[PDB]
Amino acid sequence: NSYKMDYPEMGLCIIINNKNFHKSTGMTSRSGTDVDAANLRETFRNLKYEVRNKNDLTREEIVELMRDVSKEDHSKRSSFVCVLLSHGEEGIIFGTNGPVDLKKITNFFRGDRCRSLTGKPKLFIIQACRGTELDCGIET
């Protein structure tokens, strides 16, 4: 009924924090995002997760980091958390130099490809635009 969270370690929590983007992307700088990665750092620290902040990665650096974390052994760990703080579009996260599909980042942690994580919760937290609609709200 509930996942075994009694493993030797809570697990890995990766924070990818992107604030400044190449001129080629046209993406504005993300003021306020240092606060986000520092609020997430202390929050997941106190939850007994191993927090690694990475700053301003290109999109090949994003795919590299993810394949390397997928290749570590998490067998003494309960869960895996990945926090993506970027610009994005629907199905897409931006490196500093351009876009990459979200599914390419998460297919690295699939059960048949990250076996020390099979049967365990993999949690992707994604602060990123997914398009360009705006919500005008309602009266209540």
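Superpose the two forms; the largest set of C-alphas matching within 1.5 Å is the rigid core. In case it trips you up, residue 1 is the first one in the sequence shown, and so on.
- Choosing between 22-30 and 36-44, the greater Cα displacement from the shown form in 7 other deposited structures of this protein, fitted by the core, goes with 22-30.
- A summary of the deposited B-factors shows that, of 40-48 and 77-85, the stretch with the larger mean C-alpha value is 40-48.
- Comparing the deposited coordinates for 65-73 and 90-98, the stretch with the larger average C-alpha B-factor is 65-73.
- Within the group 59, 103, 110, 54, the record's highest C-alpha temperature factor is found at 59.
- Of the candidates 25, 127, 17, 116, the PDB record gives 116 the highest C-alpha temperature factor.
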